[PDB]
């Protein structure tokens, strides 16, 4: 399992410790990550050692970007509750909010609903659990990576780190946001060095 690639010390060196204004590994804990990772067959384990290390680095690099370096659990100063009232499969619960939570900043009624179906929490009535239970929190991210997006297939099929950016937020690609692409890439290069793996090519999108 992923615990043969990521030791406690390497995890802490990727996520950081709790500090002023920064949740770090106070919320984003090592055994919550491992517990989550090992629940999704293939995550960090499908390919060669190098491919698996790149996958892990790519996951953490996007998560570090989305969370401000693992400082935040929830989207900061949201202006929206992220309720798409047109979605009748996953209707919004009055009084609940669907702004970003967890490593990959799960957002919208429809995504919380789908994630909760898969992971076994009530995403519509209890989206806030993604910000209070670290194992669920990490599971939402690994679900997004493995089930709800092309991230896993991209990084494990030769497409490069940039293709994981495209799978998470394609508006940043094609010139859309050079700065956010640079931030994601900078974390990926750091984490590949910490995991002792070549970054590969095609880092931008």
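Residue numbers count along the first chain shown, from 1.
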Given the B-factors recorded for C-alpha atoms, which segment has the greater mean, 179 to 187 or 17 to 25?
17 to 25
Going by the B-factors listed in the PDB entry, is the mean over the C-alpha atoms higher for 138 to 146 or for 166 to 174?
166 to 174
Quick one: which of 86, 109, 126, 80 has the biggest Cα B-factor according to the entry?
86
Identity of residue with top Cα B-factor, from 71, 130, 104, 115:
71
Pull the Cα B-factor of residue 153 out of the PDB entry and bin it into the chain's lowest, middle or highest third.
middle
Chain third (lowest, middle, highest) by recorded CA B-factor, residue given as residue 55
lowest
Can you work out whether the C-alpha temperature factor of residue 35 puts it in the lowest, middle or highest third of the chain?
middle
